[PDB]
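S.K.: In this note's numbering, the protein residues as written are 1 to 237.
Where a beta carbon is used, it is the ideal one built from N, C-alpha and C, also for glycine.
Below you will find the structure I want to go over with you.
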Ligand SMILES: Nc1ncnc2c1ncn2[C@@H]1O[C@H](COP(=O)(O)OP(=O)(O)NP(=O)(O)O)[C@@H](O)[C@H]1O
Ligand SMILES: [Mg+2]
Ligand SMILES: [Mg+2]
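Shown next, in the form of structure tokens:
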């Protein structure tokens, strides 16, 4: 039941990464967004949280954007990847998808066909939608990217009794984190500015196109800052 020595390393090797289309961002991420982990992009208004969630669904459809050790992750495991986008804010825009696709050399329609978008209006729908993700897989959908944009808006606006909230939001995370592990996929969640989450960034604005993404929590990477801009191409630099 316990894994030791070489097994630990082999287990860590089944972890693949998704590129953000930003050199700096990827750099700070240790190579890219990690599968089997939950990565949070908390940030200020118009900081780009949503843009990254979009760019992420797009890059998922460009095979050269999935970095993984072939000796530990067969092409068959990352074949025909599909993303699940749980939209809590109603900020999903299929046109931003088309545009990002365009500038990346991807069939925008392919992205839309391989991305499941669930509109959630309350904390119950949110949690439930994240729970059905398994069924989706069970239906033969190779879910490899999950997006909860955002993660804490519903829970906040619904809850003194702030214990029920944490107790519930924690239950959501449990499902999310487990999801990431058993199905070897990347989990992304946003937060406008208490809960688990292996990676945590805080984004902000700079000079126009400019954005400053600060990585302040991860189990094996140092705190660092990546700089990128948002343009009609999506995330870039
Ligand atoms: N087509 C585009 N061309 C250039 N920039 C764009 C385009 N679309 C969006 N942007 C940029 O994206 C910024 C907002 O991105 P967004 O991902 O929605 O931030 P956000 O953190 O999710 N905002 P919020 O949910 O309110 O906290 C804008 O203010 C624009 O500068
Ligand atoms: Mg995990
Ligand atoms: Mg947003």
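Mind the definition here: the segment 38-58 touches the segment 188-196 only if three or more C-beta pairs lie below 8 Å; say whether that holds.
M.R.: Touching, yes, given that three or more Cβ pairs across the two stretches are closer than 8 Å.
S.K.: How many Å lie between residue 142 and residue 122 at the Cα?
M.R.: Sequence index remark: in the chain shown, residue 142 carries index 142 (1-based). Sequence index remark: in the chain shown, residue 122 carries index 122 (1-based). Roughly 27 Å between the two C-alpha positions.
S.K.: In whole angstroms, what is the alpha-carbon distance linking residue 91 and residue 85?
M.R.: Position 91 of the chain shown, counted from the start, is the residue given in the question as residue 91. Position 85 of the chain shown, counted from the start, is the residue given in the question as residue 85. Near 11 Å, if we compare the C-alpha coordinates of residue 85 and residue 91.
S.K.: Rounding to the nearest angstrom, what Cα-Cα distance links residue 178 and residue 11 in this structure?
M.R.: The count along the chain shown starts at 1 and reaches residue 178 at position 178. The count along the chain shown starts at 1 and reaches residue 11 at position 11. Using only the alpha carbons, I get a separation of about 15 Å.
S.K.: What residues match up with residue 93 in a beta bridge as DSSP calls it?
M.R.: Taking the chain shown and counting its residues from 1, the one referred to as residue 93 is at position 93. According to DSSP, residue 93 bridges with nothing at all.
S.K.: What span of residues does the beta strand (DSSP E) with residue 39 cover, start to end?
M.R.: Walking along the chain shown from the start, residue 39 turns up at place 39. Per DSSP, residue 39 belongs to the beta strand (DSSP E) from 37-43.
S.K.: Hey, out of 68, 62 and 4, whose CA is closest to residue 14's CA?
M.R.: The sequence position of residue 14 within the chain shown is 14, counting from 1. Answer by Cα proximity: 68.
S.K.: Per DSSP, which one or two residues make a beta bridge with residue 191?
M.R.: Here residue 191 is taken as the residue at index 191 of the chain shown, counted from 1. Answer by DSSP bridge pairing, in chain order: 42.
S.K.: With residue 106 as the anchor, note down where its alpha helix (DSSP H) starts and where it stops.
M.R.: On the chain shown, position 106 is the one that residue 106 refers to. Careful: residue 106 lies outside any alpha helix (DSSP H) and carries neither H nor E.
S.K.: Would you call residue 8 buried or exposed, if buried means 16 or more other Cβ atoms sit within 10 Å of its Cβ?
M.R.: On the chain shown, position 8 is the one that residue 8 refers to. Flag for residue 8 reads exposed.
S.K.: Go ahead and label residue 164 buried or exposed: buried means 16 or more other beta carbons lie within 10 angstroms of its beta carbon, across all protein chains shown.
M.R.: Indexing the chain shown from 1 puts residue 164 at position 164. Its Cβ having fewer than 16 others within 10 Å, residue 164 is exposed.
S.K.: In the structure shown, what three-state DSSP assignment does residue 183 receive?
M.R.: Taking the chain shown and counting its residues from 1, the one referred to as residue 183 is at position 183. Here residue 183 sits in coil by DSSP.
S.K.: Residues with a Cβ closer than 7 Å to any heavy atom of ligand 2, in chain order?
M.R.: 36, 37, 38, 177, 180, 181 and 198
S.K.: Between the alpha carbons of residue 144 and residue 102, how many angstroms are there, rounded?
M.R.: As a position in the chain shown, residue 144 is number 144, starting the count at 1. As a position in the chain shown, residue 102 is number 102, starting the count at 1. In this structure, the alpha-carbon of residue 144 lies about 22 Å from that of residue 102.
S.K.: For residue 73, name the three-state secondary structure that DSSP assigns.
M.R.: Residue 73 sits at position 73 when you count from the first residue of the chain shown. Here residue 73 sits in coil by DSSP.
S.K.: According to DSSP, is residue 132 helix, strand or coil?
M.R.: Translated into positions along the chain shown, residue 132 becomes position 132. Helix.
S.K.: Cα-Cα, which of 174, 218 and 231 is closest to residue 32?
M.R.: Stepping through the chain shown from its first residue, residue 32 is reached at position 32. It is 218 whose Cα lies nearest to the Cα of residue 32.
S.K.: Pair every Cβ in the segment 53-73 with every Cβ in the segment 201-211, then say whether three or more of these pairs are closer than 8 Å.
M.R.: no
S.K.: Please determine whether the Cβ atom of residue 214 lies at a distance below 8 Å from any heavy atom of ligand 1.
M.R.: In the chain shown, the residue the question calls residue 214 occupies position 214. Within the chosen limit of 8 Å, ligand 1 does not reach the beta carbon of residue 214 with any heavy atom.
S.K.: Helix, strand or coil for residue 60, going by three-state DSSP, please let me know.
M.R.: Here residue 60 refers to the residue found at position 60 when the chain shown is read from its first residue. Residue 60: coil per DSSP, three-state reduction.
S.K.: Going by DSSP, which residues form a beta bridge with residue 115?
M.R.: Counted from its first residue, the chain shown places residue 115 at position 115. Beta-bridge pairing links residue 115 to 83.
S.K.: Please name the residue in 104, 147, 78 and 106 whose C-alpha comes closest to that of residue 120.
M.R.: The residue labelled residue 120 in the question sits at position 120 within the chain shown. The candidate whose alpha carbon is nearest that of residue 120 is 147.
S.K.: May I ask whether a heavy atom of ligand 1 can be found less than 8 Å away from the beta carbon of residue 207?
M.R.: Within the chain shown, residue 207 is the residue found at index 207, counting from 1. Every heavy atom of ligand 1 is 8 Å or more from the Cβ of residue 207, so no.
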